[PDB]
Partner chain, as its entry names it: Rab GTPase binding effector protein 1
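In structure tokens, the next block holds one chain alone, the form deposited without its partner chain.
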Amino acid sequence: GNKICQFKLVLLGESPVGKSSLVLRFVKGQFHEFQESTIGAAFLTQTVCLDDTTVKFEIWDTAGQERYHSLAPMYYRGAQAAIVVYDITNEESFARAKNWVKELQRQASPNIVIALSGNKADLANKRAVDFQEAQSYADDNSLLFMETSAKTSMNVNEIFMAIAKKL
């Protein structure tokens, strides 16, 4: 197809849960066991083929530390979609993700598409958040949920493409 679409996506979530790794896997097909903590935010782009459309993603990878919380609106205000990330081995990060979802529902665009990534799914032997519980939470809050692994690539391209399909 010759159609072209571009949308703004922001990633939010506690640090560290693998936010930068998720983006790096999607954008560069890389995974770094040793990642420097993000300072403020990082910007990345990726262009893909979705049926008959060429879709370009403008992605804001936010630093998740609480001291950066006040800067989050700079990145989500104009966002068409968000991926709120948690780590499936860390229940506290899952609770933090629900608070990010609440903030987006109240302060971001009313039509923003919100995805929820239960990351580090390759560490299921250390699971702290039940898949079905997360799925139910996502269903009840109209969120696009998938467990992902930046380390193995599991569902990484899939969650980004699913968001694009719904925009």
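Positions refer to the first chain, counted from 1.
Quick note: we don't show the form solved in complex with its partner chain, though the next part is all about it.
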*Can all three of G64, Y86 and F94 be found with a heavy atom no more than 4.5 Å from its partner chain in the entry with it bound?*
no
*Please pick, from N111, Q132, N125, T45, the one residue with any non-hydrogen atom lying within 4.5 angstroms of its partner chain in the entry with it bound.*
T45
*With a 4.5 Å heavy atom cut-off, would you call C49 a contact of its partner chain in the entry with it bound?*
no
*asked:* Whether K28 contacts its partner chain in the entry with it bound should be assessed with a 4.5 Å heavy atom distance threshold; does it?
replied: yes
*asked:* When the contact criterion is heavy atoms within 4.5 Å, does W60 count as touching its partner chain in the entry with it bound?
replied: yes
*Mind telling me which stretch in 98-106, 36-44, 137-145, 113-121 gets its heavy atoms within 4.5 Å of its partner chain in the entry with it bound?*
36-44
